[PDB]
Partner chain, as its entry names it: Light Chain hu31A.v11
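The chain below stands alone and is given in structure tokens; this is the form deposited without the partner chain.
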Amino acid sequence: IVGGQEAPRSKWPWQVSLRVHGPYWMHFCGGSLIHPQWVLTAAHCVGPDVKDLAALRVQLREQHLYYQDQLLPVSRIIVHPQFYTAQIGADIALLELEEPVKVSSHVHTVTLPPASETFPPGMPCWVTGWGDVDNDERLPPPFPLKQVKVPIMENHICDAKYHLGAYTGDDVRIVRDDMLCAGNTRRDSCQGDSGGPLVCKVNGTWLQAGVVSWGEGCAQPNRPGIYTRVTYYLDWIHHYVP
């Protein structure tokens, strides 16, 4: 997370940490609890290559990474079949926990948006995670969960920004319809926030608008953060999630 601050303990109960086996269970991506037994994440965190289920653990909301770990095994990794790169799209995946979680006030699910949902240019949206604090700048220990309010940038506006200082023809779509933009040069998601949530408050309800996917660097001029647009994958999510 670029800019913003350490999240209050009561905020973002759906935030999860994805862990890889090694010298320690290291954080590699974020995610969100969307059902007591399901985690929503980015496909690029777990693919396109198939990896061993035993080498993965899920960690529920934690104020400080690694401090009070209670690691959860995964029974299934479901990666969107259209996925191979974040720039092509379909950067979405589902993790089925071996067991459902005991939902509380401090740890509970995020609401997915309705199929119609549009996120207008400049809505109140927040991105959260334990990712880098800037380009090649790690989140320092004790690794607090960070948050940052990010402005929505309309797809066409965002796509035109990606063409500034680039050779790509104006007629060539970089920001696809299954993608969403948010952030600026002071507020953004970064490496390590991938797979984590972009939540917008709509009519007093927090809705997950996006999944942290890609971009050119973090908080770079004319390069807003690119998110997987959740509404585009609602049917695919609902085929697996009750």
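Positions refer to the first chain, counted from 1.
The form deposited with the partner chain bound is left out here; the points below concern that form.
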{"item": "Touches the partner chain in the deposited bound form: residue 21 (any heavy atom, 4.5 Å)", "value": "yes"}
{"item": "Exercise: residue 111 in contact with the partner chain in the deposited bound form, heavy atom 4.5 Å", "value": "no"}
{"item": "Residue 75: touches the partner chain in the deposited bound form, heavy atom cutoff 4.5 angstroms", "value": "yes"}
{"item": "Contact of residue 51 with the partner chain in the deposited bound form (heavy atom, 4.5 Å)", "value": "yes"}
